[PDB]
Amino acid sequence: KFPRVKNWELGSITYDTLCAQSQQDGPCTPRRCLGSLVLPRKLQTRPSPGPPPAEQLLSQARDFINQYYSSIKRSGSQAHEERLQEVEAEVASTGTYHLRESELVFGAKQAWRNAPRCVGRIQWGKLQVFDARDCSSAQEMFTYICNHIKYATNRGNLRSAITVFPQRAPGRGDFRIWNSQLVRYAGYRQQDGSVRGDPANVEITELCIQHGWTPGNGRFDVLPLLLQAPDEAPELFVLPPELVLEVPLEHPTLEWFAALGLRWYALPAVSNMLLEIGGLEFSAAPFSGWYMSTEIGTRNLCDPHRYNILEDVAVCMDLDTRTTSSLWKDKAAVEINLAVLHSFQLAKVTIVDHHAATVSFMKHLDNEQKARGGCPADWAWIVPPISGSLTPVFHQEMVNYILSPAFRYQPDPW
């Protein structure tokens, strides 16, 4: 029934009882485990042209409202009872309902708290929630997004935030941010199939050009936003350069590193995920925190299908790239990550290294064990892409399951 979770570094054991509260199924079965898969095969988020079964929505709604009143220690109170009645009344008559701002704020924080792949959840309680449901056009979306960025960036002293646009509605198109992140570097396919810039952003870069954007020709050209109001073609918006904080990359002791002309933006803001609260779905709810150095130094800069700078750095370090056994890749990666940390610290921009991050996550696991009897966590995503076993989370067994409120993937709007 309840899984026994062990930490092999400390010898300690715990029992996850929270997983029982899971109402949504993952991709695994007793026959085979598909935990290493990035996206769901079916756990997607099918269209919403028709209203969801009132019974199902109503049960998810009640559960959420129940969750909310427990949080404010007012369960069973008169307000709790009236709120449930309001929800019942609205669903029965319209097939849907609406959240109160306070509930939305509670729901957003819970979704982050329940995100199995986020290593920064110890900060889950300090989330600035912007209510953007009052939005009715792509232009208005652009204004909200610009305010989110200004606030979140805060001159380098990053602050976690989320902006919530209008929920999905039956038979009506969704509000969507076509970009996967609010700030991304263009990826231009060139003559021989190669790519200048970020290979991960080729498709979105092309859509922007298709929709009237005048493309640059650099390796780090910040893309424009393609914002979509319900049932309307997406509109193009260029972000004001002064709002997009960037950090030039240099190395503490390797003078030549800066000559590589590398840089990265300060604000990591996922904008293509769906936020689900009490059965309601928010198709556009960009959120941001701050980077963990391995995301830039290891994945973005060193992944083979990304900037893939490992070899260049290796050669500048005059390493023996003749054989794998010289561990030249491992050596270059460490320096690149060091350069990232050094640079962000120099530019006074918030950033956390993987050691500090994983240590904070272990604390979070403990806090959650006492507060809720468990913590859904995805081991493959929590453990850093380098020096895995050198961090504490590597030696910690984890249970992964889906709790709601939750952040989920959704189909690309095109």
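Between two forms, the rigid core is defined as the largest C-alpha subset superposing within 1.5 Å. When you see a residue number, it is the position in the sequence shown, counting from 1.
- Between stretches 170-178 and 106-114, the one whose Cα atoms sit farther from the displayed model in 9 other deposited structures of this protein on average is 170-178 (core-aligned, root mean square).
- Where the structures in 9 other deposited structures of this protein are fitted on the rigid core, 76-84 is the one of 76-84 and 138-146 whose C-alphas sit farther from the shown form on average.
- When the other compared entries with both flanking residues are checked, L43 is unmodelled in at least a third.
- Looking at the other PDB entries for this protein, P27 is present in the model in all of those that include the residues around it, rather than absent from a third.
- If you average the C-alpha B-factors over 285-293 and over 225-233, the higher value belongs to 225-233.
- Of the two segments examined, 244-252 and 189-197, it is 189-197 that shows the higher average Cα temperature factor in the deposited entry.
- When the C-alpha B-factors of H148, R113, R83, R299 are ranked from the entry, the top spot goes to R83.
- For the set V383, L57, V349, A357, the maximum C-alpha B-factor listed in the entry falls on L57.
- In this PDB entry, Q67 carries a Cα temperature factor that places it within the highest third of its chain's modelled residues.
- The PDB entry assigns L310 a C-alpha temperature factor belonging to the middle third of its chain's modelled residues.
- Split the chain's modelled residues into thirds by C-alpha temperature factor. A138 is in the middle one.
- The entry lists a Cα temperature factor for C28 that places it in the highest third of the chain's modelled residues.
- In this PDB entry, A377 carries a Cα temperature factor that places it within the lowest third of its chain's modelled residues.
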